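Following: one structure in structure tokens, then a few remarks.
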Amino acid sequence: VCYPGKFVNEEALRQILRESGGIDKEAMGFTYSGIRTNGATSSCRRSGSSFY
Amino acid sequence: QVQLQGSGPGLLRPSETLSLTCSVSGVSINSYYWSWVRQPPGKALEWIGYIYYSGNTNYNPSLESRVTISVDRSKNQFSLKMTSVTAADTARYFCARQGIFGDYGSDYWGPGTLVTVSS
Amino acid sequence: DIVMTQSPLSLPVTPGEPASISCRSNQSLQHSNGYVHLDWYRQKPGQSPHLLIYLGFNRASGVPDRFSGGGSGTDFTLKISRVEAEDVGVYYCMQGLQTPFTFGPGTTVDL
Ligand SMILES: *[C@@H]1O[C@H](CO)[C@@H](O)[C@H](O)[C@H]1NC(C)=O
């Protein structure tokens with residue numbers, strides 16, 4: 001994790017990720033209107049202020 | 001915020017295969033699955049069918065066989081083709097996405113590609 | 001095929017009054033989550049429509065305060081608090097439960 005925090009059911013998620021055989025990602029298609037999606041912190045540094 | 005844009009032939013004779021195209025920005029047919037509608041001229045509006053961005057298709061039991069929705073993964077425009085066109089199907093095709101499939105952000109309905117079916 | 005029953009037909013509204021249009025079908029409309037799939041549309045003639053209310057009871061994005069219409073069960077009603085000059089346009093209500101999708105006959109509201 002990059003931002004300071006922790007998961008819950010950490011070992012359960014880790015075991016299902018080890019048994020995953022890799023990750024295939026589908027774009028969930030969530031389009032957000034009325035608000036902004038640009039939140040970032042200095043803890044994550046890709047080219048400066050970034051986030052996930 | 002995606003931007004939808006449609007294009008295609010207007011003066012078309014009946015019976016032959018119809019062509020249509022529709023360009024989008026932003027989502028790039030990579031995340032959400034778009035659908036299709038059809039506008040009778042000053043009559044009741046109805047729905048054509050949805051196509052998953054992957055390619056799975058579903059339609060209206062009013063009309064199945066004549067409609068073929070293009071997938072077009074690589075190019076950033078998804079298209080529509082109709083066979084056996086009719087002067088009763090002289091319509092104002094709209095190109096869009098809808099609330100209820102999972103996205104709750106309006107429709108971003110594309111412009112009206114007006115078509116006329118006459119000899 | 002779920003045939004959609006709009007009511008009423010047309011609203012010759014006066015400027016500045018609370019108006020309302022109902023919407024019902026021959027089914028109970030409820031999703032598995034508990035959130036009803038009902039939409040409210042607004043098509044200016046000669047131009048693409050717009051959504052004003054989504055998910056039944058819920059305020060939509062980019063939509064100001066005069067539209068928050070709800071209801072109960074399978075008959076819902078869009079409420080319009082103030083009538084102004086730009087409220088002309090044909091209105092549609094729409095389910096989202098299952099295929100197929102049947103739009104409404106239309107509500108030609110005018111002054
Ligand atoms: C509603 O009415 C239509 C009209 O024939 C019918 O096809 C449909 O099955 C009805 N739906 C229900 C849930 O009764």
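We label chains A, B, ... in the order they appear in the structure tokens, count residues from 1 in each chain, and number ligands from 1 in the order shown.
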Could you list, as an mmCIF file with N, CA and C atoms, in the first residue's frame, every residue within 10 Å of residue 19 of chain C, counting only C-alpha atoms and ignoring same-chain residues fewer than 2 positions away?
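Output saved as out_1.cif:
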data_model
loop_
_atom_site.group_PDB
_atom_site.id
_atom_site.type_symbol
_atom_site.label_atom_id
_atom_site.label_comp_id
_atom_site.auth_asym_id
_atom_site.auth_seq_id
_atom_site.Cartn_x
_atom_site.Cartn_y
_atom_site.Cartn_z
ATOM 1 N N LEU C 11 -49.804 18.584 -20.807
ATOM 2 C CA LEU C 11 -49.901 19.539 -19.704
ATOM 3 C C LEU C 11 -49.783 20.962 -20.235
ATOM 4 N N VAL C 13 -49.390 23.909 -19.076
ATOM 5 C CA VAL C 13 -49.128 24.467 -17.755
ATOM 6 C C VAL C 13 -49.054 25.985 -17.823
ATOM 7 N N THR C 14 -49.424 26.630 -16.725
ATOM 8 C CA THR C 14 -49.164 28.047 -16.549
ATOM 9 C C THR C 14 -47.751 28.240 -15.998
ATOM 10 N N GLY C 16 -45.028 29.112 -13.450
ATOM 11 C CA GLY C 16 -44.977 29.223 -12.006
ATOM 12 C C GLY C 16 -46.060 28.468 -11.262
ATOM 13 N N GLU C 17 -46.061 27.135 -11.365
ATOM 14 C CA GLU C 17 -46.991 26.302 -10.609
ATOM 15 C C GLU C 17 -46.411 24.906 -10.423
ATOM 16 N N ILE C 21 -46.310 14.545 -13.394
ATOM 17 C CA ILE C 21 -46.662 13.538 -14.394
ATOM 18 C C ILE C 21 -46.361 12.163 -13.811
ATOM 19 N N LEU C 78 -43.052 12.186 -11.478
ATOM 20 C CA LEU C 78 -42.025 13.259 -11.454
ATOM 21 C C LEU C 78 -42.698 14.557 -11.008
ATOM 22 N N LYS C 79 -42.096 15.261 -10.047
ATOM 23 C CA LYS C 79 -42.661 16.560 -9.599
ATOM 24 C C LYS C 79 -41.833 17.712 -10.172
ATOM 25 N N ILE C 80 -42.500 18.787 -10.597
ATOM 26 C CA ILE C 80 -41.788 20.001 -11.091
ATOM 27 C C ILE C 80 -42.270 21.154 -10.211
ATOM 28 N N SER C 81 -41.374 21.766 -9.435
ATOM 29 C CA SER C 81 -41.811 22.813 -8.474
ATOM 30 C C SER C 81 -42.183 24.113 -9.192
ATOM 31 N N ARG C 82 -41.303 24.635 -10.052
ATOM 32 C CA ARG C 82 -41.567 25.931 -10.656
ATOM 33 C C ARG C 82 -41.610 25.739 -12.165
ATOM 34 N N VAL C 83 -42.558 26.389 -12.831
ATOM 35 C CA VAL C 83 -42.664 26.322 -14.285
ATOM 36 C C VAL C 83 -42.092 27.611 -14.862
ATOM 37 N N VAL C 109 -45.533 18.744 -22.725
ATOM 38 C CA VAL C 109 -45.848 19.863 -21.846
ATOM 39 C C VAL C 109 -45.551 21.164 -22.585
#
**Message:** Let me see if you get this right: every residue at most 12 Å from ligand 1, counting only C-alpha atoms and all ligand atoms, written as a PyMOL selection string.
**Reply:** (chain B and resi 61-62) or (chain C and resi 1-5+24-29+74+97-98+100+102)
Could you give me, as CSV, every chain C residue with an atom at most 12 Å from chain A, plus its closest atom pair and distance in Å to one decimal, counting only C-alpha atoms, rows ordered by chain then number?
residue,atom,partner,partner_atom,distance
C:59,CA,A:34,CA,11.2
C:60,CA,A:34,CA,8.9
C:61,CA,A:34,CA,5.4
C:62,CA,A:34,CA,6.1
C:63,CA,A:34,CA,9.2
C:64,CA,A:34,CA,11.3
For the residues in that selection, give me N, CA and C atoms as a short mmCIF file (atom, residue, chain, number, x, y, z; two decimals), in the first residue's frame.
data_model
loop_
_atom_site.label_atom_id
_atom_site.label_comp_id
_atom_site.auth_asym_id
_atom_site.auth_seq_id
_atom_site.Cartn_x
_atom_site.Cartn_y
_atom_site.Cartn_z
N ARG C 59 -32.04 12.29 -7.07
CA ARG C 59 -31.56 13.45 -7.80
C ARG C 59 -30.43 13.05 -8.75
N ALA C 60 -30.48 13.55 -9.98
CA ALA C 60 -29.47 13.22 -10.97
C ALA C 60 -28.36 14.26 -11.01
N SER C 61 -27.26 13.87 -11.64
CA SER C 61 -26.09 14.73 -11.76
C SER C 61 -26.36 15.85 -12.75
N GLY C 62 -25.89 17.05 -12.42
CA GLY C 62 -26.11 18.22 -13.26
C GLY C 62 -27.55 18.68 -13.31
N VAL C 63 -28.33 18.37 -12.28
CA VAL C 63 -29.76 18.66 -12.29
C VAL C 63 -30.10 19.52 -11.08
N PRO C 64 -30.67 20.70 -11.27
CA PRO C 64 -31.03 21.54 -10.12
C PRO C 64 -32.31 21.07 -9.45
#
Counting only C-alpha atoms, which residues of segment 36-107 of chain B fall within 9 Å of segment 36-52 of chain C, and what is the closest atom pair for each with its distance in Å at one decimal, ordered by chain and rising number, as a tab-separated table?
residue	atom	partner	partner_atom	distance
B:94	CA	C:48	CA	8.0
B:99	CA	C:39	CA	7.5
B:100	CA	C:37	CA	6.3
B:105	CA	C:51	CA	8.9
B:106	CA	C:51	CA	5.5
B:107	CA	C:51	CA	7.2
**Request:** Go through chain A and collect every residue that DSSP, computed from the backbone, puts in alpha helix (DSSP H); the answer should be as a list in words.
**Result:**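 Of chain A, only residues 10, 11, 12, 13, 14, 15, 16, 17 and 18 of chain A fall in alpha helix (DSSP H).
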With N, CA and C atoms retained, could you export that selection as a compact mmCIF listing (two decimals), in the first residue's frame?
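again-v7.txt written:
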# COMPACT_ATOMS: atom_id res chain seq x y z
N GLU A 10 -6.86 -9.80 5.48
CA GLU A 10 -5.65 -9.65 4.68
C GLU A 10 -5.15 -11.00 4.18
N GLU A 11 -5.15 -12.00 5.06
CA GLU A 11 -4.67 -13.31 4.66
C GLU A 11 -5.64 -14.00 3.71
N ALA A 12 -6.94 -13.77 3.87
CA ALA A 12 -7.92 -14.34 2.94
C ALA A 12 -7.74 -13.76 1.54
N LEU A 13 -7.57 -12.44 1.46
CA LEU A 13 -7.36 -11.81 0.16
C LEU A 13 -6.02 -12.21 -0.44
N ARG A 14 -4.99 -12.37 0.40
CA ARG A 14 -3.70 -12.81 -0.09
C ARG A 14 -3.75 -14.24 -0.63
N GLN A 15 -4.49 -15.13 0.04
CA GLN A 15 -4.59 -16.51 -0.43
C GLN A 15 -5.39 -16.61 -1.72
N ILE A 16 -6.48 -15.83 -1.84
CA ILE A 16 -7.23 -15.88 -3.09
C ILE A 16 -6.45 -15.21 -4.22
N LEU A 17 -5.54 -14.29 -3.89
CA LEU A 17 -4.68 -13.71 -4.91
C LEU A 17 -3.55 -14.65 -5.32
N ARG A 18 -3.04 -15.46 -4.39
CA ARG A 18 -2.03 -16.45 -4.76
C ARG A 18 -2.65 -17.55 -5.62
Exercise answer, chain B residues close to chain A, 6 Å and only C-alpha atoms, as a PDB file with C-alpha atoms, in the first residue's frame:
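Listed below is the output, selection_39.pdb:
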ATOM      1  CA  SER B  31     -15.049  -0.128 -20.212  1.00  0.00           C
ATOM      2  CA  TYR B  32     -18.858   0.359 -20.481  1.00  0.00           C
ATOM      3  CA  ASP B 103     -23.494   3.640 -15.234  1.00  0.00           C
ATOM      4  CA  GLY B 105     -24.222   9.278 -15.720  1.00  0.00           C
TER       5      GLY B 105
END
**Asked** Restricting the calculation to only C-alpha atoms, which member of C:111, C:69, C:86, C:58 is positioned closest to chain B?
**Response**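 Nearest candidate to chain B out of C:111, C:69, C:86, C:58: C:58.
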**Pick from C:20, C:96, C:66, C:110 nearest to chain B, counting only C-alpha atoms** = C:96
**Message:** Taking only C-alpha atoms into account and nothing else, which residues of chain B lie no more than 6 Å away from chain C? Please answer as a PyMOL selection string.
**Reply:** chain B and resi 44-47+60+100+106
**Request:** May I have all residues of chain C that DSSP, computed from the backbone, assigns to strand (DSSP E or B), given as a PyMOL selection string?
**Result:** chain C and resi 4-7+10-12+19-25+38-43+49-54+58-59+67+71-72+75-80+89-95+107-110
Set the distance at 12 Å and use only C-alpha atoms: which residues neighbour residue 3 of chain A once local chain neighbours fewer than 6 positions away are removed? I'd like the list as a compact mmCIF listing (two decimals) with C-alpha atoms, in the first residue's frame.
# COMPACT_ATOMS: atom_id res chain seq x y z
CA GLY A 39 -7.50 13.15 -5.54
CA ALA A 40 -3.80 12.54 -4.98
CA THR A 41 -1.19 12.55 -2.23
CA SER A 42 2.55 13.15 -2.02
CA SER A 43 3.03 9.64 -0.60
CA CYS A 44 2.39 8.20 -4.08
CA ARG A 45 5.04 9.59 -6.46
CA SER A 50 -0.25 10.98 -7.83
CA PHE A 51 -2.49 8.22 -6.47
CA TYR A 52 -3.74 4.77 -7.54
**Request:** Give me, please, the distance in Å between atom CA of residue 98 of chain B and atom CA of residue 36 of chain B, quoted to one decimal.
**Result:** 9.4 Å
**Request:** Could you jot down the atom CA of residue 102 of chain B to atom CA of residue 35 of chain C separation for me, Å, one decimal place?
**Result:** 12.1 Å
